[PDB]
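A.B. asks: This one's a deposited entry, sequence included:
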Amino acid sequence: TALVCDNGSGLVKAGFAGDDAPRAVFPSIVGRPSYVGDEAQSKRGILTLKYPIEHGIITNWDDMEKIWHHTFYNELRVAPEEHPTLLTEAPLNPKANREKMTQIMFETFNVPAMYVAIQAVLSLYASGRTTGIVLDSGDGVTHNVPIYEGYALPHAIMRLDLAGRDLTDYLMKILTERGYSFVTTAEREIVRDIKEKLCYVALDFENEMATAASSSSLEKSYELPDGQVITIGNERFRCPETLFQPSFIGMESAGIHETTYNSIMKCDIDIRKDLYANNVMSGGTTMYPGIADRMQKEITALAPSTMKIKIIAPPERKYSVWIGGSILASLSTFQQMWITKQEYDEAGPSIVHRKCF
Amino acid sequence: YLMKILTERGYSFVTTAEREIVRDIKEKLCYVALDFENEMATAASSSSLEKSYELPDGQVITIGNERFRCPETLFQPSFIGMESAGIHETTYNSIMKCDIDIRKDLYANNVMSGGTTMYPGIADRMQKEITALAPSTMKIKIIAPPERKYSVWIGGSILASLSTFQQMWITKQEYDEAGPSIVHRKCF
Amino acid sequence: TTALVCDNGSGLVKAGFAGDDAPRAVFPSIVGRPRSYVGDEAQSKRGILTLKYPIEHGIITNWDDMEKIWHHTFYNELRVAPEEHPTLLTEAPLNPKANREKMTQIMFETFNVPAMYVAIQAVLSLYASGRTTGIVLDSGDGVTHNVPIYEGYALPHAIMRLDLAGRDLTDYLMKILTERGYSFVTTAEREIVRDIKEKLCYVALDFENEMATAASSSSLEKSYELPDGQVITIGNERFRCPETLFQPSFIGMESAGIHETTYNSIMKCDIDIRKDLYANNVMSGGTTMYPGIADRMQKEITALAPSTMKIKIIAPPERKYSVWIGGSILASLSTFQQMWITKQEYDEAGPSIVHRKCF
Amino acid sequence: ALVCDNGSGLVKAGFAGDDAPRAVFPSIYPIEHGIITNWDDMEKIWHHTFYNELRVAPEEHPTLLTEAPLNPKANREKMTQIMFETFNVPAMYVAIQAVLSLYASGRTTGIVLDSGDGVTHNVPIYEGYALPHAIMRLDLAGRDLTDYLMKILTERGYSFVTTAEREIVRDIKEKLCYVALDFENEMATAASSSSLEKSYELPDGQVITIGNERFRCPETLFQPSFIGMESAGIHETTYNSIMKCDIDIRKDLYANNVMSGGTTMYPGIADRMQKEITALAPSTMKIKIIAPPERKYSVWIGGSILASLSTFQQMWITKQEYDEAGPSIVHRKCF
Amino acid sequence: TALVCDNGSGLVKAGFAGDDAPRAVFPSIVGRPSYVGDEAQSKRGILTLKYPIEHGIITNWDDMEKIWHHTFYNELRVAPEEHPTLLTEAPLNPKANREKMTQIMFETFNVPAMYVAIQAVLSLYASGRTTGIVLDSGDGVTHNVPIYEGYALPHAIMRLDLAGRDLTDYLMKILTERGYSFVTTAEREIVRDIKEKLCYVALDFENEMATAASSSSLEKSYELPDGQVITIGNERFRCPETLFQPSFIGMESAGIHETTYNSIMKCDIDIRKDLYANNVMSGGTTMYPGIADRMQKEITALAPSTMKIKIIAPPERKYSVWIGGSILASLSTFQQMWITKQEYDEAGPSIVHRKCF
Amino acid sequence: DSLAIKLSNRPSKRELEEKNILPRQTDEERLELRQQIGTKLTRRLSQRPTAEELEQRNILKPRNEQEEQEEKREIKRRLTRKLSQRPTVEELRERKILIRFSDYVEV
Amino acid sequence: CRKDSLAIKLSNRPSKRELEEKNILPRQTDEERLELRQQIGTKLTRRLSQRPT
Ligand SMILES: Nc1ncnc2c1ncn2[C@@H]1O[C@H](COP(=O)(O)OP(=O)(O)OP(=O)(O)O)[C@@H](O)[C@H]1O
Ligand SMILES: Nc1ncnc2c1ncn2[C@@H]1O[C@H](COP(=O)(O)OP(=O)(O)OP(=O)(O)O)[C@@H](O)[C@H]1O
Ligand SMILES: Nc1ncnc2c1ncn2[C@@H]1O[C@H](COP(=O)(O)OP(=O)(O)OP(=O)(O)O)[C@@H](O)[C@H]1O
Ligand SMILES: Nc1ncnc2c1ncn2[C@@H]1O[C@H](COP(=O)(O)OP(=O)(O)OP(=O)(O)O)[C@@H](O)[C@H]1O
Ligand SMILES: [Mg+2]
Ligand SMILES: [Mg+2]
Ligand SMILES: [Mg+2]
Ligand SMILES: [Mg+2]
């Protein structure tokens, strides 16, 4: 049985190939006075904590090794030498970086086989597609990745450093502006939960603002751990609105709909129709209710009038990346695709580039 | 009525506890507008009239025109579907049903009592409306002391403490002699 | 108008008035017919007449007997006219559609109630503690369930059912006490043993260690005086008895224990709500009354779950009746009054209405 | 009763009521920075303590063990578990080292600087209670000072690479080192004349001369930057620990600085500490540094005293109680 | 950064706005052959010492200026012209007195801004309330101050010239009656320390006297600086009992519970419920263990049977006044509330009455 | 002789409070508690999400397990199919799909 | 002896609860203290903004 590991900026998702959901999901943090994830977070007061993956790219390899060790031994309770391993990587991941990933996987953990797949591509595969455009928005980074026949099109990939974490921070700021105080890390966690449970994307932002100004119909209540109760109003939809209007947090960047459009436009005209009809959304930051409909509206507003637009946003999408890997590694035809340990000795770190694409 | 209009706003006040909370909102935040239309216009123009109330659960709500729309019902009972005249019109009618000779004495002595007269601005509004109804040269004075919520009781406290009142009590002996009938002669 | 609350247990019916802190009447769910009496009166005449169990494993199987039980509940126990009171009934998890439809039909047509409602026992158990999200372990006389609930919705796909409960524990206690040399084969003897179980049993925090303590000294031993005035000494049977809940293999069952089934139930649910489930384990039913069971459950669930997961076991002393209490609260809420299925609505839609109206 | 101080470098063990530990021996490394890390080896150490060193039967004596400040709950739980299950003691207790050091001076309130072989702590204590939020830990101690001395001796032209040679350097440190009251002035004096120079005779009969190294070595305690650490010195950590406490008890802390452990044995350390703390504290604050001659073993002495008090007798964890509560009981019974 | 100065009859508490606790706390004494506070106490032998603030009201302005100078320059080490300054004042402080405070702050110390707040009101604010009844018992004076919406209700304020210093004196007297002699000032300091460490308020005074006479359970031991050891018995609770029974020191005044009740009764009946449910205790003399429970019992005994009674007595209360100030001066909405140097220049001492209320 | 036996088997006061035999709170306390719980229940049941709203959050799936299996099978089939007919980097280059040569060069 | 000054001092030591009430041993994190002070501050600004004349 193969293993599947999605190395998120915020959350590591790990499990076994063929499973419907990841067996273990935990924050990607490393603690030094070694502690990984949640356990590091509970002891966070005693020791300083470091984020190995920022904006989707691995930057601290020792810390990454700590995360992977914890993944294999503590979370899945398996021997890495007994399982082929599929890792995920970010779009536009540097060559040296994936080479190092491969090197560490084969030499340090002595795996019999491994593979490195682009997250957005796995997301596309999870829906049974090999061609379309993926919006993968996680904790630290958001990407638009157009893909044709399993090939990500590098020249047309868009990167936006606006994601779930930024939205949580913004929600803290605006709820504080409302008069409920959320400055501390524990309060930050509470705000993250508020964001996940009560936030939604308005179909028409101005009209929803007007409704919010006209009445208390939109107001909702959140119960704090101490049992105190707080009220959230327009913040419910102002928070994820930042994705379409990054200017809300002082960013000059275009919104996710505009970056989707630009990414599509950067591709060859003949495949463009195929891209418009297949928008797959993946990642936690796409979980907001109403986001698919809003994206439909905006993309329809940007695209040619007769163009067929289809937004694909399944309920499972927050983990669809991982799911894709789980599917991919369980295909019979995939068995040849693996980089073998023998193969690694023969070609070295170099082999990952040829074998995985 | 305050529950109804706050509910129309999107705040749910169906429960009894919620009713008590609305009552507290009424007591703390409501007032009587001197000019209702102008106050509606001000309420529509800016957030200047808006006030904030913190619920016991720590939830926070914002109240706007409900502050003055609620007690406005006293002057416009039609707000709750009543055909009755307002308190100013009934005051005027009451004055008119009295002998003409005493009307001047009545106009110059309007005393307001009871909790529902505690709304800030009600005395001034009453002054305006009664002035609007009465003869142009009539002297109008509205009396509404801060203690008015209990003035009834206070009056009693005073009356029963007067020395000259001591003869006025109905004694148990008198009741023994005349029965329930005695109260009519003795109390007036 | 005062609503009624009826919790239809396999072993015990708990009945009372909405708004009351405790059920007015609690009585065994038995129906007696000469070889008609219900409950305690039936139990007294048990020798003279044969007894039938209308509710088995929490699900109604004999409707005439159930009608007898409900009649006895309204008229003999509560002293009320059913047409004068809205009625909240409880049902088992995974109760068949036809079954609840029949409940509704009988309530409206036979008893002529002005209104009624059917609630899941575990959901009411969750509600009694003022919660709407968590996982309930409801262990009664005939059946045990794990029911995960999110925002008042029971999650059918994740429900676990175990046919090991209080009665089975009584039987096991009889067996192990018998192995010691005290004979408890007879039904009356079954009752004395059941009382022994209720008075003297508890759940060991560490089963092996407690066995070792029982083997090391007479410290755990207790004495029970039988009706014949005979005196018996009980040792490890005190904790071996309820251990069956965690180790069903004790009675030859292949099922996992309640901690393992709790964990499995949690795992069958979506990962995002899982944290909410772990922090809210509510225990309800008589078979959860053993001292130490909450602590044991805490230890085991902590042992199965990720190391940093916050685990909280909620087990109030009143838990044996908490189901009923929940109903009593729910039926006494002002906002619930719209939720009742009215007799007019029943006239309009028939038995079908309960599915749409109650969830 | 028995008293056992489990050091990172030295185990001190003996009998209650005695003025000094009967047996003192190197802990060979199971204990690093005052916290037990190797349990099999630790069990070996305790066995060696009972049977070989003290020649006693563990089942016949209540036993007081010491622990480091901020010792994890699980760690002391394991200590208790091993003491009751493996050694079958009738009673035992676990006391904080700094607290015992404080008790040894007849105090229940003050701030202790406990500097041993592997770790240094500042522990403010009020009414026998250590104040966890205000405890300071510094991973600079005697062993590091020995190493630094090897380096600087190398600068003098003497070669000290072997472990045996390391032991020799340690002895040199213990015999010849001292803390300068004014480091710059002492450096200038050391450069001006041979007045500070000392001679050490090696076992091979070679004689060596040591100059400013005598005070540069323990100067590291006040200036950890000497060995590349970014951490503050012991006076600053004393001050910071004091500042983390409630203002009302702060005065009580300043007037009661108790120093304990071998690494506080340097001549002049008390005067220097007095000067630095006076320099950091408010101008009118009363400062008193307490550093008795027995301090190298004062922790142990405290235990020896504590275990011999009649009123301590209720405080012991009995074997029956442990049987009842398990590892959990140590937390409730000892504080 | 703003400054906060709580001018106690016994202790000046001074610090910076936003801090959880005062940086400097020192006795409010002036020594002349000039020495202030701790230095004066140290030099107490050489020179006679005088108390500028007696019973909460400033009486010696030169000495007060000396105290403030020592506060700014010696204790806090700041330049007064660079910081807005919040000062505290006693309840019922005379108009001329606060006017003089303002005048001295602006002309002598050249502060850019200042404010004068009632101590009891700040005590109320520190707990996050604007309505309730405060019992503020310090070194020189005790007050009951009922407050509605931040407004102290002058007609219902109770002043009692019985406080901590008086309790210390009484303790000296009763310890002397036991046979230990404490006449000198140094001995007085020792007795004060004994009071702070060993005294407590008995829940039932007669039962506690009987207990103290029946057994040694209440006895405690204090080790004098000379190493002499003394035993204290009922003096532990007889000392603070004076607060409830002032007759112990020859006063005809009612106890603090009776004055709390009377203060409550002097207020309008409608707010009375709000007063009963919010009793905040502040000041050093409220630090005695058991005082909150005793107050609960007595107030419960005086109030209507169905009245809800709540005593608020956080562990930090000895400095809560200051804390309140610290919070208030750090609020953004407070920034407008300051009396600016321009405004003072325009209106003179008069402005404090209008600006502060 | 029976008394002492019954005295050896006496529960602790806590142990009695555990059995709901000794109340741990006054009647008024239980009442205030009940009122609180009730208002909580009211508030939570008020904002109770809908079945669809809880389906879209993947809390409870509507499709039967067999239906899900059919989905996961059809997907795998279409996927192996589409992946075994995956064009070469040259085909995409020639068709102006890949715009840079450096992209997938090492394939 | 000195062990008697110590014995008399040990016998006198208060409970942890007693120190807690005396604010010698805090009952909350510096973080939690910050939370609380913030909440207090915002409630205060609100009530002050609403404060009547
Ligand atoms: N239901 C929800 N609604 C809104 N946001 C959510 C929801 N669930 C999770 N999130 C947000 O999604 C983020 C995590 O998403 P995800 O796990 O896809 O990130 P990641 O893959 O670890 O990050 P990256 O892709 O940058 O490496 C969190 O910040 C969380 O706040
Ligand atoms: N103190 C106690 N200790 C142990 N067991 C007890 C105690 N009190 C009651 N029981 C057991 O609890 C059982 C009663 O549970 P309950 O009345 O909840 O079942 P029920 O609701 O009738 O059954 P179901 O839920 O299957 O319909 C009895 O079998 C009894 O043996
Ligand atoms: N006279 C002295 N001068 C300088 N240093 C000394 C002297 N005597 C002992 N030391 C040092 O003190 C150390 C031993 O101290 P001690 O036995 O108190 O440490 P410990 O308690 O075992 O350490 P820890 O508390 O970290 O476990 C040795 O490393 C030794 O170098
Ligand atoms: N822990 C304690 N227990 C009892 N009393 C104490 C304690 N700590 C201080 N005190 C007493 O409190 C007094 C100081 O209180 P506080 O600082 O509130 O007074 P102040 O503010 O200077 O005076 P005032 O409030 O009259 O202006 C001292 O006289 C002291 O005796
Ligand atoms: Mg991702
Ligand atoms: Mg049940
Ligand atoms: Mg040591
Ligand atoms: Mg004061």
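C.D. replies: All right, it came through fine. Numbering: from 1, shown residues only, chains lettered A, B, ... in the order given. Ligands and ions are numbered 1, 2, ... in the order given.

A.B. asks: per the record, what domains does chain F have?
C.D. replies: With domains defined by curated CATH domains, chain F comprises F:1-63, F:64-107.

A.B. asks: Format these as a markdown table; extra columns: distance to ligand 8 and mean neighbour count.
C.D. replies: In this view, the C-beta of every residue, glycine as well, is placed from N, C-alpha and C. Shown next, in a markdown table, are the domains of chain F (distance: least, C-beta to the ion, whole Å; neighbours: other C-beta atoms under 10 Å in any protein chain shown):
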| stretch | distance to ligand 8 | mean neighbour count |
| --- | --- | --- |
| domain F:1-63 | 35 | 14 |
| domain F:64-107 | 70 | 14 |
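
A.B. asks: Can you add distance to chain G and give these back as TSV?
C.D. replies: Shown next, in TSV, are these (distance: least, C-beta to the nearest C-beta, whole Å):
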stretch	distance to chain G
domain F:1-63	20
domain F:64-107	44
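
A.B. asks: Could you export those domains as TSV, including distance to residue E:121?
C.D. replies: Formatted as TSV, the domains of chain F follow (distance: least, C-beta to C-beta, whole Å):
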stretch	distance to residue E:121
domain F:1-63	31
domain F:64-107	65
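
A.B. asks: Which of those domains sits closest to ligand 5?
C.D. replies: Of all those, the one in closest proximity to ligand 5, counting by C-beta to the ion, is domain F:1-63 (16.4 Å).

A.B. asks: quick check, distance from that closest one to the centre of its chain.
C.D. replies: 23 Å (C-alpha atoms, centre = their mean, to the nearest Å).

A.B. asks: So it, near chain C or not?
C.D. replies: Yes: using C-beta under 8 Å from any C-beta of the partner chain, domain F:1-63 reaches chain C at F:2, F:5-6, F:8-9, F:15, F:17-20, F:24, F:30, F:34, F:36-38, F:40-42, F:44-46, F:48-49, F:51, F:54, F:57-61.

A.B. asks: what's the neighbour count on residue 46?
C.D. replies: Since no chain was named, I'll use chain A. Residues within reach of residue A:46, counting by other C-beta atoms under 10 Å in any protein chain shown, total 12.

A.B. asks: actually it's chain G I care about, not the one you picked
C.D. replies: Residues near residue G:46, counting by other C-beta under 10 Å: 16.

A.B. asks: what comes into contact with whichever strand or helix holds residue A:97?
C.D. replies: Residue A:97 is part of helix A:95-107, with elements assigned from DSSP states H and E. Identification of contacts with helix A:95-107 by C-beta atoms under 8 Å, 6 or more residues apart in numbering or on different chains yields A:57-58, A:61, A:64-65, A:68, A:85, A:87, A:89, A:111, A:114, A:116, A:339, A:341, A:344, A:348-353, A:356.

A.B. asks: which stretches of chain F form helices?
C.D. replies: According to DSSP state H, chain F carries its helices in the segments F:2-8, F:13-18, F:27-46, F:51-55, F:65-84, F:89-94.

A.B. asks: Dump these into JSON lines; add distance to residue G:17 as well.
C.D. replies: Converted to JSON lines, these look like this (distance: least, C-beta to C-beta, whole Å):
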{"stretch": "helix F:2-8", "distance to residue G:17": "34"}
{"stretch": "helix F:13-18", "distance to residue G:17": "20"}
{"stretch": "helix F:27-46", "distance to residue G:17": "23"}
{"stretch": "helix F:51-55", "distance to residue G:17": "46"}
{"stretch": "helix F:65-84", "distance to residue G:17": "56"}
{"stretch": "helix F:89-94", "distance to residue G:17": "74"}
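
A.B. asks: The ones you listed: which one's closest to chain A?
C.D. replies: helix F:65-84 (3.8 Å; C-beta to the nearest C-beta).

A.B. asks: how far does the closest one sit from the chain's center?
C.D. replies: Its chain's C-alpha centre and that of helix F:65-84 lie 25 Å apart, by C-alpha atoms, centre = their mean.

A.B. asks: right, is it up against chain A?
C.D. replies: Yes: if you take C-beta under 8 Å from any C-beta as the test, helix F:65-84 does meet chain A, through F:68, F:72, F:74, F:75, F:76, F:78, F:79, F:80, F:82, F:83, F:84.

A.B. asks: Now do the contacts for the spatially most central residue of chain G.
C.D. replies: For chain G, the residue nearest the mean C-alpha position is residue G:23 (3.8 Å; C-alpha atoms, centre = their mean). Counting by C-beta under 8 Å, 6+ apart, residue G:23 touches D:246, D:248, E:315, E:316, E:318.

A.B. asks: sec struct for it, please.
C.D. replies: coil (DSSP: H, G, I helix; E, B strand; the rest coil).

A.B. asks: Only the buried residues of the helix or strand where residue G:34 lies, if you could.
C.D. replies: Using DSSP H and E, residue G:34 sits in helix G:30-50. Across helix G:30-50, burial judged by 16 or more other C-beta atoms under 10 Å in any protein chain shown covers G:34-35, G:37-48.

A.B. asks: Quick check: the gap between the residue of chain A positioned farthest from its centre and residue A:233.
C.D. replies: Computed with C-alpha atoms, centre = their mean, the residue of chain A farthest from its C-alpha average is residue A:214, at 36.1 Å. Look at residue A:214 and residue A:233: by C-beta to C-beta, to the nearest Å, they are 12 Å apart.

A.B. asks: Chain E contacts on chain G?
C.D. replies: Looking at chain E, the residues of chain G close enough under C-beta under 8 Å from any C-beta are G:5, G:8-9, G:11-12, G:18, G:20-23, G:27, G:33, G:37, G:39-41, G:43-45, G:47-49, G:51-52.

A.B. asks: how about a cut-off of 7 Å?
C.D. replies: Within chain G, the residues that sit near chain E (C-beta under 7 Å from any C-beta of the partner chain) are G:5, G:8, G:12, G:18, G:20-23, G:33, G:37, G:40-41, G:43-45, G:47-49, G:51-52.

A.B. asks: so residue A:133 sits right up against residue A:152, yeah?
C.D. replies: No: with contact defined as C-beta atoms under 7 Å, residue A:133 does not reach residue A:152; the gap is 10.3 Å.

A.B. asks: Need the overlap of contacts for the two.
C.D. replies: Common neighbours of residue A:133 and residue A:152 (criterion: C-beta atoms under 7 Å, 6 or more residues apart in numbering or on different chains): residue A:145.

A.B. asks: Neighbour count: the two, which is higher?
C.D. replies: residue A:133 (27 against 22).

A.B. asks: May I have the secondary structure class of that one?
C.D. replies: Going by three-state DSSP: residue A:133 is strand.
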